Number of protein chains: 2
Amino acid sequence: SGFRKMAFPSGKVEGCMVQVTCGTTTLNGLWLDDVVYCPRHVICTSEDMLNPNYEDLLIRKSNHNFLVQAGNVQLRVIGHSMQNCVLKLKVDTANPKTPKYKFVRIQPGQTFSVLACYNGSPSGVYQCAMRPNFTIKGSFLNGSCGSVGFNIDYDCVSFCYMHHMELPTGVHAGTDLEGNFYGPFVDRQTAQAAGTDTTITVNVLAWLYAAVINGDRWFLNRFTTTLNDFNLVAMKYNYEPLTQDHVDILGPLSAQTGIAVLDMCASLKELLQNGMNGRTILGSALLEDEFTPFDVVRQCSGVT
Amino acid sequence: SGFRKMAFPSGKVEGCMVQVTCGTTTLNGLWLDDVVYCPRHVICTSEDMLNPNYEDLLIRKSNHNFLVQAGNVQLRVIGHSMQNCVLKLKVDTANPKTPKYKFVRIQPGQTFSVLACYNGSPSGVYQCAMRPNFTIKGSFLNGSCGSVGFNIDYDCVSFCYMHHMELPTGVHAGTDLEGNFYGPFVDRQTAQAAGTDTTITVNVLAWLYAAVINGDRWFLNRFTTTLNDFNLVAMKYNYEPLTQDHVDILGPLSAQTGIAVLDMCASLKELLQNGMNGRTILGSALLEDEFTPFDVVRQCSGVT
Ligand SMILES: CN1CCN(C(=O)Nc2ccccc2)CC1
Ligand SMILES: CN1CCN(C(=O)Nc2ccccc2)CC1
């Protein structure tokens, strides 16, 4: 029993983190097989970051200008190609600790673990969500760029995020491992403002199921509702619309708890309309939206 | 920028997790050098757990009755001794992945990472605190016993917790690695009720410093207070008393922020007396007490 914001074990990813240095800029890289992945803005001075022409900047760089260090051993760079907003540095040694892996572009509302790194060294690990406005609310200081987000499926690591940017508003933007930014963000130091940070409604409902399962039940009401009724209320509170797909995904939690999904929606509606009145749910005073229904099934069943 | 509930990288600890089976009971063990540490209630049937005489139960057990599996390779048990509420199983092989380590008995209010395991396999990692009533609010299902709490100091892992018990109230009790329970708890299935779960006041203040540092400032008031005045208010709200030691520990955050510790106390006093009025601080609607001042210095400085 008990319900925690829980990251995946980071060890498989620790074993992939390296330091990448280009001139004066040092940041993190991901060593998988004989390729090191890192943000292409490694080739930028902070001055460059105002109006960087990455192709032009790259002409001046050789393989020997990219210093790649895995612990205290240097990796030889034998090639590099810019793929979108990532550099792929080919090195002459395959990472002996390469786990089984995929690159997956996640959808907004999807959760993942971040291993925050500095100089190719892990500082810590925490569970995030891709917000509906394609930002993440990370913890990232200077040197954290190249820090990655991942999921683990038994022994396969699916890398979904590489950290690139902090917006002037202190939220974070980055890419998939093909170097495509999530949302409208670019690796430029400029006015980029995130859209509305909506609540991930399906994740809130899953978390309400996790609460009931762990004994926090005070918020269960006598009411039900409909998707359309629920959604009129959701929208007014900057919650994402709930779809039949969302209802289908919550099915198992519904079955296990014997609480219909629309009944729970109607519990959630009253919480929105009436607030918590100083009460808490799994030790939170607001409605948590960074657990997916899969996260809730996983942690309430003990998947390893 | 940004502030996250952040666990240590779990990889050094992943490499120590094994499965221990005695008859029908399977749970987790910690393999360091040629010793595997696990909860002594591995020798108990759920029936035993009502009124277990561990010495008597142990007479009937041989080295060959303790099945120790590290991945899919069995470890030979060549000896075992009961030390308090832990079994130490001597095995003929030293764990090749043994990191630098200590056993440290932590104080209440101290934070640590848990690597939740099932059958010697890590499921996830999360940051806890030892509550002032010596419970932790964990996430632990059947088979999680032997899951450990730790801190990392660069490359040294200080193991502080081994998980043993869930109280009837769904909070967790366990031991240091010498097998001494934190607080008044025993490995018996009975009426054990935790005391008052007080708020770790020094941790709240550190978190208020982390907020200011990350730009959340709305709660900064024009007032100051004194330790005695603050404490009259603290006590009424089931906050731990604040001591000069606590003030001394907050010194660096005070220096960095230029907010005197007693000024921040007086901000915290108004928060207690006036609530949040529907506002949030680092995306929380209550006052977080599971970051130590050291945690706040660490994450705001990027220690690896
Ligand atoms: C911008 N360019 C792109 C091409 N390029 C390479 O090095 N390519 C390469 C890739 C894999 C192995 C060997 C060489 C130089 C920089
Ligand atoms: C309860 N007893 C305690 C003694 N004991 C041992 O095996 N001790 C041992 C320790 C280290 C190496 C070899 C033997 C049996 C069970």
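Protein chains get the first letters and strands the later ones, always in sequence-line order, with residue 1 at the start of each.
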If I measure from the heavy atoms of chain B, does A:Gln299 come under 4.5 Å with its side chain, its backbone, both, or neither? both
What part of A:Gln127 is in contact with chain B, defined as an atom under 4.5 angstrom from a non-hydrogen atom: side chain, backbone, both or neither?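 Only the backbone of A:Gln127 comes within 4.5 Å of chain B.
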Check ion pair [X]-[Y] (N to O, under 4.0 angstrom):
| X | Y | result |
| --- | --- | --- |
| A:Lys100 | A:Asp153 | no |
| A:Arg131 | A:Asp289 | yes |
| A:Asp295 | A:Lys5 | no |

Where does [X] contact chain A at under 4.5 Å (heavy atoms): side chain, backbone, both or neither?
| X | result |
| --- | --- |
| B:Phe3 | backbone |
| B:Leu141 | both |
| B:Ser301 | backbone |
| B:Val125 | both |

For a quick check under 3.5 Å, do B:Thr26 and B:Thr21 share a side-chain donor-acceptor pair by atom type? yes
For A:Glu240 and A:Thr198, which I'm curious about, is there any donor-acceptor pair between the side chains at under 3.5 Å? yes
Parallel, tilted or perpendicular, judged at 30° and 60°: which one describes the rings of B:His163 and B:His172? perpendicular
Heavy-atom pairs under 4.5 Å with chain A, option from B:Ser1, B:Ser123, B:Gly124, B:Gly11 with the top count: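 If we count pairs closer than 4.5 Å to chain A, B:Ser1 comes out on top.
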Best-contacting candidate, B:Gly2, B:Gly15, B:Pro9, B:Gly143, against chain A by heavy atom pairs under 4.5 angstrom: B:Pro9
